[PDB]
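Next up: a single chain in structure tokens, the form deposited in one PDB entry.
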């Protein structure tokens, strides 16, 4: 077994040709990222590999971090890689009848040389990019995105209940690193309020409940990072008016947890878009999602828990996104903190809960 140098272009082509037998363009290679630990290469092949002529390779360098940090990084990789393999295997029952939602295929993961190979998607723009541009994303396209992601996420949650005990599914229940990241995120709720003048003494309790659910729930399988910054859109190469594919990119946090976590992320992000970008794009998208999610899911939504999930997203993300002005952001977070009182009080005239019911109505 040879030691290879994946930090140089020449060592890259040795690894690809000598170890994996790939026919590599010596001039189809470009570095994308690179610090002390990680490197990302974009690569063009002269002959296909698992159907693909272009791929990316990521590489962690050992001995450039503590032993503890390097170990957790590898764990994150494996869950990301294995999550993507699970969706490739369940492509048929998830990607639906005529559906366009998909995951960038994972091709190879070499734990000996710390080298992961994935499908190269292209230089596609995120959803987040399309909804912040002036002008914004056509509304016909926003409806379809909502309808497709709702149906994917519902099919995901359905299969995760019925295959809960199969061992490849239980593997993700054990993604403790992934559950801990969720926890750390929920801990910023009280700081982010405090910073904006809000200081409600309910928040301790609400945080406690969110943290326990995420550390202990085994309800279903959740994508766990379903916001617009982690979603790519492939538009027709020419007509900017026809959607071809939606890709969900980062699956590191995939795990067992409550269904409401996925609804909170995405509906939450819709609320942010409605308020600070385009009301019709954010609102179409929200409603389309709720419409298809409610038709496909084999369990009823819990409106209190989704209301609180949305509140959580609002308080955790308003500052990060850095939209509008200080003053407006303060009042938006205040509406979030208000929505926690509506969840705990089971109040169906609450501003958020009430909307949820209307937009997910059947007839």
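Residue numbers count along the first chain shown, from 1. Note that the rigid core is defined as the largest set of C-alphas that superpose within 1.5 Å between two forms. Shifts are known only where both forms have a C-alpha.
What follows is about the form deposited in another entry, which we do not show.
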| item | value |
| --- | --- |
| Core-superposed comparison between this form and the one not shown, residue 355 Cα displacement 2 Å or beyond | no |
| Post core alignment: residue 109 C-alpha displaced by 2 Å or more between this form and the one not shown | yes |
| Per-residue C-alpha change between this form and the one not shown, residue 66, threshold 2 Å, rigid core fit | yes |
| Sense of CA distance change between residue 69 and residue 168 in the other form, threshold 3 Å | farther |
| Taking the rigid core as reference, consecutive runs of 3 or more residues that move 2 angstroms or more in Cα between this form and the one not shown | 2 to 74, 107 to 117, 346 to 349 |
